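These notes are about the structure you will find just below.
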Amino acid sequence: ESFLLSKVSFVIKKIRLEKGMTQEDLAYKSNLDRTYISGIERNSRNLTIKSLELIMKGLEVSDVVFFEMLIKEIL
Amino acid sequence: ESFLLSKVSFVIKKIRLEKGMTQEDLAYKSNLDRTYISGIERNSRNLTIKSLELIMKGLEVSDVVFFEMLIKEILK
DNA sequence: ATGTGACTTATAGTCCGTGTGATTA
DNA sequence: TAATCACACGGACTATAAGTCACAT
């Protein structure tokens with residue numbers, strides 16, 4: 001159980017949904033399997049930084065904004 | 001290899017030194033091996049979020065702090 | 001559109017070391 | 001004498017992430 005990891009996964013889901021995207025959409029765009037993405041959102045996967053960097057590209061977001069957004073999800 | 005990995009491994013090493021801690025010290029406070037902290041600093045090495053989370057605790061800074069500094073060091 | 005258990009390969013991360021170039025004596 | 005210190009790097013592990021799937025929702 002990690003505080004940071006479940007914030008990171010909540011932030012990912014949020015953005016994806018804000019932007020009206022599906023997992024299949026985020027998957028194609030980060031070049032990750034869409035069942036991998038589902039595992040990440042359900043907080044059952046401790047992704048690495050390389051993986052996280054592809055997700056960000058996949059959300060069509062900068063690293064700076066994603067982290068800003070993450071510090072905003074941390075409250 | 002990865003952009004974000006070099007920045008993350010840079011900021012870790014910076015803060016570490018700004019608190020005059022050793023790699024041995026950081027390893028001990030983070031519950032990682034000293035040889036792994038060496039690798040993270042030298043070769044960037046693909047940490048997980050959990051292990052980043054532990055290195056933030058061992059550095060003794062808030063998650064917010066770390067990320068604010070991470071942002072800055074990407075902005076050239 | 002998405003959750004999940006199962007699986008194999010790849011690599012994250014551990015634990016024993018040695019060597020070099022600085023100290024402090 | 002040394003004698004620690006701080007780090008790079010090794011070799012050989014072990015633990016877990018990566019990456020994928022059929023079948024269900």
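Order determines the names: the first chain of the structure tokens is A, the second B, and so forth; residues in each chain are numbered 1 upward, and ligands are numbered 1 upward as they are shown.
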
Per residue of chain D within 12 Å of region 31-34 of chain A, record the nearest atom pair and its distance in Å to one decimal, counting only C-alpha atoms (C1' of nucleotides), with rows in chain order and ascending residue number, as a Markdown table.
```
| residue | atom | partner | partner_atom | distance |
| --- | --- | --- | --- | --- |
| D:18 | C1' | A:32 | CA | 10.1 |
| D:19 | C1' | A:33 | CA | 7.5 |
| D:20 | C1' | A:33 | CA | 7.7 |
| D:21 | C1' | A:33 | CA | 10.9 |
```

Just to be explicit: take each residue in the selection above, keep N, CA, C and O atoms (P, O5', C5', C4', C3', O3' and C1' of nucleotides), and write the result as a PDB file, in the first residue's frame.
```
ATOM      1  P    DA D  18       5.906  -1.729 -14.884  1.00  0.00           P
ATOM      2  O5'  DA D  18       6.383  -2.772 -15.978  1.00  0.00           O
ATOM      3  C5'  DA D  18       7.594  -2.641 -16.742  1.00  0.00           C
ATOM      4  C4'  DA D  18       7.478  -3.563 -17.931  1.00  0.00           C
ATOM      5  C3'  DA D  18       6.187  -3.323 -18.731  1.00  0.00           C
ATOM      6  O3'  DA D  18       6.089  -2.628 -20.003  1.00  0.00           O
ATOM      7  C1'  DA D  18       6.363  -5.618 -18.041  1.00  0.00           C
ATOM      8  P    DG D  19       6.913  -3.030 -21.249  1.00  0.00           P
ATOM      9  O5'  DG D  19       5.928  -4.001 -22.045  1.00  0.00           O
ATOM     10  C5'  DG D  19       6.378  -5.311 -22.370  1.00  0.00           C
ATOM     11  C4'  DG D  19       5.219  -6.276 -22.337  1.00  0.00           C
ATOM     12  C3'  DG D  19       3.953  -5.784 -23.042  1.00  0.00           C
ATOM     13  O3'  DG D  19       3.935  -6.443 -24.303  1.00  0.00           O
ATOM     14  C1'  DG D  19       3.523  -7.175 -21.184  1.00  0.00           C
ATOM     15  P    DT D  20       2.733  -6.233 -25.343  1.00  0.00           P
ATOM     16  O5'  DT D  20       1.746  -7.435 -24.997  1.00  0.00           O
ATOM     17  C5'  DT D  20       2.145  -8.784 -25.293  1.00  0.00           C
ATOM     18  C4'  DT D  20       1.136  -9.770 -24.752  1.00  0.00           C
ATOM     19  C3'  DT D  20      -0.278  -9.705 -25.347  1.00  0.00           C
ATOM     20  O3'  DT D  20      -0.476 -10.871 -26.154  1.00  0.00           O
ATOM     21  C1'  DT D  20      -0.276 -10.149 -22.992  1.00  0.00           C
ATOM     22  P    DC D  21      -1.716 -10.992 -27.175  1.00  0.00           P
ATOM     23  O5'  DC D  21      -2.791 -11.799 -26.322  1.00  0.00           O
ATOM     24  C5'  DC D  21      -2.544 -13.165 -25.975  1.00  0.00           C
ATOM     25  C4'  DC D  21      -3.664 -13.670 -25.105  1.00  0.00           C
ATOM     26  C3'  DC D  21      -5.060 -13.262 -25.566  1.00  0.00           C
ATOM     27  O3'  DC D  21      -5.590 -14.362 -26.327  1.00  0.00           O
ATOM     28  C1'  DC D  21      -4.764 -13.041 -23.156  1.00  0.00           C
TER      29       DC D  21
END
```

(message) Need to verify the contact set: residue 76 (chain B), 12 Å, only C-alpha atoms (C1' of nucleotides), exclusion of same-chain residues closer than 5 positions in sequence. Can you return it as an MDAnalysis selection string?
(response) (chainID A and resid 64) or (chainID B and resid 7 69:71)

(message) Which residues are near residue 42 (chain A)? Cut-off 9 Å, only C-alpha atoms (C1' of nucleotides), ignore same chain within fewer than 5 positions. Put them as a ChimeraX atom specification.
(response) /A:6,9-10,37 /C:3

(request) Between CA of residue 34 (chain B) and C1' of residue 7 (chain D), measure the distance and give it in Å to one decimal. (result) 10.1 Å

(message) What does the structure give for the distance between CA of residue 29 (chain B) and CA of residue 57 (chain B), in Å to one decimal?
(response) 7.5 Å

Under the rule of at most 10 Å, produce a per-residue listing of chain A near chain B: chain, number, name, the closest pair of atoms, and the distance in Å, as CSV, using only C-alpha atoms.
```
residue,atom,partner,partner_atom,distance
A:1,CA,B:50,CA,8.8
A:2,CA,B:50,CA,6.4
A:3,CA,B:53,CA,8.4
A:4,CA,B:53,CA,6.4
A:5,CA,B:49,CA,6.0
A:6,CA,B:49,CA,9.8
A:8,CA,B:49,CA,8.5
A:45,CA,B:49,CA,9.7
A:46,CA,B:48,CA,6.2
A:47,CA,B:48,CA,5.6
A:48,CA,B:48,CA,3.8
A:49,CA,B:46,CA,6.0
A:50,CA,B:46,CA,6.5
A:51,CA,B:48,CA,9.0
A:52,CA,B:49,CA,8.8
A:53,CA,B:4,CA,7.2
A:63,CA,B:71,CA,7.8
A:64,CA,B:71,CA,5.4
A:65,CA,B:71,CA,8.8
A:66,CA,B:71,CA,9.9
A:67,CA,B:67,CA,6.6
A:68,CA,B:68,CA,7.9
A:70,CA,B:64,CA,8.8
A:71,CA,B:64,CA,5.9
A:72,CA,B:64,CA,9.2
A:74,CA,B:64,CA,7.8
A:75,CA,B:64,CA,9.4
```

(request) Write out as JSON, numbers by chain each polymer residue whose atoms come within 7 Å of region 37-44 of chain B, counting only C-alpha atoms (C1' of nucleotides); drop sequence neighbours fewer than 2 positions from it. (result) {"B": [5, 6, 9, 10, 13, 23, 27, 33, 34, 35, 46]}

Store the residues picked out above in a file with N, CA, C and O atoms, as a short mmCIF file (atom, residue, chain, number, x, y, z; two decimals), in the first residue's frame.
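Done, and the output landed in part-v5.cif:
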```cif
data_model
loop_
_atom_site.label_atom_id
_atom_site.label_comp_id
_atom_site.auth_asym_id
_atom_site.auth_seq_id
_atom_site.Cartn_x
_atom_site.Cartn_y
_atom_site.Cartn_z
N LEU B 5 13.87 10.28 -16.65
CA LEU B 5 14.69 9.50 -15.73
C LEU B 5 15.96 10.25 -15.32
O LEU B 5 16.34 10.22 -14.16
N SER B 6 16.56 10.95 -16.28
CA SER B 6 17.74 11.74 -16.00
C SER B 6 17.39 12.90 -15.08
O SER B 6 18.18 13.19 -14.14
N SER B 9 16.69 11.40 -11.55
CA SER B 9 17.92 10.97 -10.92
C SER B 9 18.82 12.12 -10.61
O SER B 9 19.63 12.02 -9.70
N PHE B 10 18.71 13.22 -11.38
CA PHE B 10 19.42 14.48 -11.03
C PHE B 10 18.87 15.11 -9.75
O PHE B 10 19.64 15.51 -8.89
N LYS B 13 19.82 13.47 -6.48
CA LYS B 13 21.22 13.61 -6.12
C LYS B 13 21.46 15.03 -5.60
O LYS B 13 22.17 15.24 -4.61
N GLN B 23 25.20 8.42 -0.04
CA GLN B 23 24.43 7.34 -0.68
C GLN B 23 24.10 6.22 0.31
O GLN B 23 22.98 5.75 0.37
N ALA B 27 20.28 5.36 1.22
CA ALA B 27 19.89 3.96 1.16
C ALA B 27 19.27 3.50 2.46
O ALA B 27 18.21 2.88 2.46
N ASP B 33 19.05 -0.60 -1.06
CA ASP B 33 20.42 -1.00 -1.00
C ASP B 33 21.31 0.10 -1.48
O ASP B 33 20.97 0.82 -2.40
N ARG B 34 22.47 0.25 -0.85
CA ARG B 34 23.38 1.31 -1.25
C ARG B 34 23.82 1.21 -2.71
O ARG B 34 24.19 2.23 -3.31
N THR B 35 23.86 -0.01 -3.26
CA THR B 35 24.37 -0.18 -4.60
C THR B 35 23.31 0.27 -5.58
O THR B 35 23.63 0.68 -6.66
N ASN B 46 15.41 2.61 -13.92
CA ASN B 46 13.99 2.80 -14.03
C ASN B 46 13.26 2.42 -12.76
O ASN B 46 12.71 1.34 -12.66
#
```

(request) Once DSSP has gone over the backbone, tell me which residues of chain A are in helix (DSSP H, G or I), as an NGL selection string. (result) :A and (3-18 or 23-30 or 34-41 or 49-58 or 63-73)

What are the nearest atom pairs, with distances in Å to one decimal, for all residues of chain C that come at most 10 Å from chain A, using only C-alpha atoms (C1' of nucleotides), set out by chain and rising residue number as CSV?
```
residue,atom,partner,partner_atom,distance
C:1,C1',A:22,CA,7.4
C:2,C1',A:38,CA,7.3
C:3,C1',A:38,CA,7.5
C:4,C1',A:39,CA,8.9
C:12,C1',A:48,CA,9.1
```

(request) Could you give me, as a PyMOL selection string, the residues within 8 Å of residue 55 (chain A), counting only C-alpha atoms (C1' of nucleotides) and dropping anything in the same chain fewer than 5 positions from it? (result) chain A and resi 12+26+30

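Distances here use only C-alpha atoms (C1' of nucleotides); by that measure, the residue among D:24, D:12, D:2, D:17 closest to chain A is D:17.
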
(request) Counting only C-alpha atoms (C1' of nucleotides), figure out which residue out of D:23, D:3, D:16, D:8 gets nearest to chain A. (result) D:16

(message) as a ChimeraX atom specification, please: the residues near residue 59 (chain B) (cut-off 7 Å, only C-alpha atoms (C1' of nucleotides), same-chain neighbours under 3 positions excluded).
(response) /B:16,26,55-56

(message) Set the cut-off to 12 Å and count only C-alpha atoms (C1' of nucleotides): what are the residues of chain C that reach chain B? Output as a ChimeraX atom specification.
(response) /C:11-17

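With distances taken over only C-alpha atoms (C1' of nucleotides), A:36 is the one residue among A:7, A:16, A:36, A:25 lying closest to chain D.
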
(message) Show me, as a ChimeraX atom specification, the residues that have an atom within 9 Å of region 20-23 of chain C when counting only C-alpha atoms (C1' of nucleotides), minus same-chain residues fewer than 6 positions from it.
(response) /D:4-6

Can those selected residues be exported to a file as a short mmCIF file (atom, residue, chain, number, x, y, z; two decimals), in the first residue's frame so that it contains N, CA and C atoms (P, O5', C5', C4', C3', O3' and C1' of nucleotides)?
```
data_model
loop_
_atom_site.label_atom_id
_atom_site.label_comp_id
_atom_site.auth_asym_id
_atom_site.auth_seq_id
_atom_site.Cartn_x
_atom_site.Cartn_y
_atom_site.Cartn_z
P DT D 4 39.37 1.52 11.46
"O5'" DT D 4 38.65 1.84 10.08
"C5'" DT D 4 37.24 2.17 10.04
"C4'" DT D 4 37.04 3.63 9.72
"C3'" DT D 4 35.82 3.92 8.84
"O3'" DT D 4 35.03 5.01 9.33
"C1'" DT D 4 37.74 4.90 7.89
P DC D 5 33.57 5.33 8.67
"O5'" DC D 5 33.93 6.22 7.40
"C5'" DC D 5 34.69 7.43 7.52
"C4'" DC D 5 34.60 8.21 6.23
"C3'" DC D 5 33.28 8.04 5.48
"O3'" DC D 5 32.78 9.32 5.07
"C1'" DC D 5 35.10 7.37 4.09
P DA D 6 31.21 9.50 4.80
"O5'" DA D 6 31.10 9.30 3.22
"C5'" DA D 6 31.54 10.36 2.36
"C4'" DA D 6 31.77 9.82 0.98
"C3'" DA D 6 30.53 9.18 0.33
"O3'" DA D 6 30.23 9.95 -0.82
"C1'" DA D 6 32.50 7.92 -0.06
#
```

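The closest residue to chain D, picked from B:73, B:22, B:58, B:28 and counting only C-alpha atoms (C1' of nucleotides), is B:22.
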